[PDB]
């Protein structure tokens, strides 16, 4: 399932989304993957109420270091495209949370967000991450976006932009590839932590999922195609499940 060649959505998504989906899949392809079963063994889902149809493709995996690796592609009607990805770490290893959300319409990408988010109580990334991320240097983008109020969960390296041209699209993709290369290497060298530290990282992941559920822009997309009760179950059990 991890080849995207069987995807029905891929050919119709915004090109930046296609490039990022491919890069994520390439990063995961040779890991010690096992399937992760979403609620009701959800793969493909389509729904419509009174407006536009929402189509969603889900792929989910797990490894010893990552309890849940979720790649979701979505399209609303013919306008709105979305790529959503979260690698949820196993708290035992103390790794940060990789996440990204890319939203596009007919006139281009409106929102591109990626981060390696902290799970420590002091809201800092592990020292090895800080060092590696600082060495990449700060990227220059013309149109930055300020994080909403629930976005206190994001690191100081969080990127949130509207890409202004294809060069910036490519620059953002390359920065996400760099984040993934750092993250995959740190996962090899990570050691199992003490019970007390595992608990702190668990709490940090819970908090991340609770704050992400406050994103009303995501919720309203789901609500308009499936209704309020479906949307709440999807947000809380599929996208941002509390462990």
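Positions refer to the first chain, counted from 1.
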**Message:** On mean Cα temperature factor in this entry, is 172 to 180 or 189 to 197 the higher one?
**Reply:** 189 to 197
**Mean C-alpha temperature factor, higher of 146 to 154 and 85 to 93** = 146 to 154
**Request:** Would you mind finding, among 106, 118, 99, 163, the residue with the largest C-alpha temperature factor in the entry?
**Result:** 106
**Fill in**
Listed options 46, 40, 216, 57: highest C-alpha B factor recorded at 40
**Asked** By its CA B factor, does residue 227 count among the lowest, middle or highest third of the modelled residues in the chain?
**Response** middle
**Asked** If you rank the chain by CA B-factor, which third does residue 134 end up in: lowest, middle or highest?
**Response** highest
**Entry-reported Cα temperature factor of residue 127, expressed as the chain third it lands in** = highest
**Request:** Ordered by C-alpha B-factor within the chain, which third holds residue 235? Give me lowest, middle or highest, please.
**Result:** middle
**Fill in**
Quick tally, chain-level thirds of C-alpha B-factors: residue 67 sits in the lowest
